[PDB]
Structure formats: C-alpha cells, structure tokens
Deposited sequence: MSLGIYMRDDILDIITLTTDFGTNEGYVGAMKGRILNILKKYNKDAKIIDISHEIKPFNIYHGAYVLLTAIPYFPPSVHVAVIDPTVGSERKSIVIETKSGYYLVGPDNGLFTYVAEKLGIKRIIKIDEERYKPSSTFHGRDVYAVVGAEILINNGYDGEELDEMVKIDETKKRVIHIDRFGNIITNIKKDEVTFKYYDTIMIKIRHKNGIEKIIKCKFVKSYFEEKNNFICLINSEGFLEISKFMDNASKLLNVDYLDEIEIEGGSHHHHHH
C-alpha cells in the first residue's frame, strides 16, 4: 500500500512552482479520497544539475519505506516511471537522475509515461498513489550516468569535493596524490592525507570516506571546492 509521495526539484522557493505541484497532487488525491503524505526531500538542487539531484536522491530515498518519489530536474523529451524490486516508484525524466537510486534499490520494470495529459510528473505521481501502482509501455533500458570514469560526483554546502570512488575501491594517514583535470584543460595536482574525521590534519587538504561511502576531499574550516576551483564532473585521478 503506497502511502508516501516525495518531491525533489531544482525549482527553488523564490517562485511558487513547488506550491503549485503540491496543489495539483493534493487536488487529484482529494478527488479520489486518497490519503497520502507529501514529503519534501529538497527543492534546492542546483538549477539543471542532474548529478546533484542524483546524489541527493541516493542519500534520502533508501531510508523511506516503499513509496512514491517525484523528482523534477531536467535542463530542457523522454520521461519514465521506474518500479523497484521492493516496490518503490520513481517518477521523473529519463536523463540519468535516478541512476544511483535505481541501482541501489534494484530495477524491476521501466514504464514509459505517455502524453495522455512539467505538471505531468505531479499527476502521474498522484495517480500511482490512488491506483497503488502504474501500468504502461515497458521500456528496454534507461539513460544512465556513466559510473566507469572517476570524477567529481557532488559538492557540499561546505564546498567538500565528493568523488566517484567508493571505499571498496581505495587501498590510513597515508599521503595520497590526487590529480584533478577541469573541463577546460587546466590540471591540478594535490597531496591529501586519508584520515577518519574532518578535525584531523587541519593544516593540509584531507580526504576521507563520507557517510555515503565515497572518497571526499576536504579542507578544515575551508571550502576545498573554491580553493581548487573544482566543479561537478571534473576528472579525478588518484595515485
């Protein structure tokens, strides 16, 4: 029984788009007398950044019980409804947004949303709540964020540089040499000390495994991102 619907957008709160979305959903639900809880994950995803969105979805969703998750972030086409092994429904565009969250929870079926209607996502999400599921044209694959090439995965509110590299891929207190190439060609090489906490090796750059299992580059009381001029997608090379 589907009970929760979550929203994750890059709309911001300066506008009233998010509110509209809640209104639509809320309207449909009341018309079919379907009680459900609307939960906000985040509306501060950086405009058009599917990677940022992908990372926040990966961090929040797995902690919810089976439920519906609407995520609207697309720098513009294709849009899907994903069904997870355990029965989670992921509403949103087909551009990679759900890549990580999809793998984590397991893909059971990919159903293409058909134009029988932006505000599509909201409606589709509500529909899934009332009908407690969704049916439609099953699809072969889905657009997926290439996870083979190591790069800057996400950037913190503090400016910490979160990488692709998972704990299971990295051989403590040793000195690592991280190479970072920006999209424009400039290349930066730094020396980090793989530690356990943020309060360690305060004098230099440090890298540790964060609460999501990825190698992250940080600088005590600073903003490594701004210090290295590192942006999303920069190529990472450890050695």
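- Within the chain's deposited sequence, the coordinate-free stretches run 1 to 10, 87 to 90, 132 to 140, 195 to 196, 265 to 273 in sequence order.
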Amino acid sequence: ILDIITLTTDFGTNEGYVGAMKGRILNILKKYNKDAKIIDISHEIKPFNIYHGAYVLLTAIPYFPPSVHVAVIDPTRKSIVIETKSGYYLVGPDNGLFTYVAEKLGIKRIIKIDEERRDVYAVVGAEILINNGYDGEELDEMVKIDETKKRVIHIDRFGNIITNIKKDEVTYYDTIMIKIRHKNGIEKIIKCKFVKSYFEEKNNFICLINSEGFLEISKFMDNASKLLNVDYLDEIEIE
From here on, numbers count along this sequence of modelled residues.
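- Set 51 to 59 against 210 to 218 and average the Cα temperature factors; 210 to 218 ends up higher.
- When the C-alpha B-factors of 104 to 112 and 67 to 75 are averaged, 104 to 112 comes out higher.
- In the deposited coordinates, the residue among 176, 41, 26, 45 with the greatest CA B-factor is 176.
- Per the PDB record, residue ranking by Cα B-factor puts residue 131 in the middle third of the chain.
- Split the chain's modelled residues into thirds by C-alpha temperature factor. Residue 157 is in the lowest one.
- Annotation for residue 238: CA B-factor lies in the highest third of the chain's modelled residues.
- Per-chain ranking of the deposited C-alpha B factor places residue 97 in the lowest third.
- In this PDB entry, residue 5 carries a Cα temperature factor that places it within the lowest third of its chain's modelled residues.
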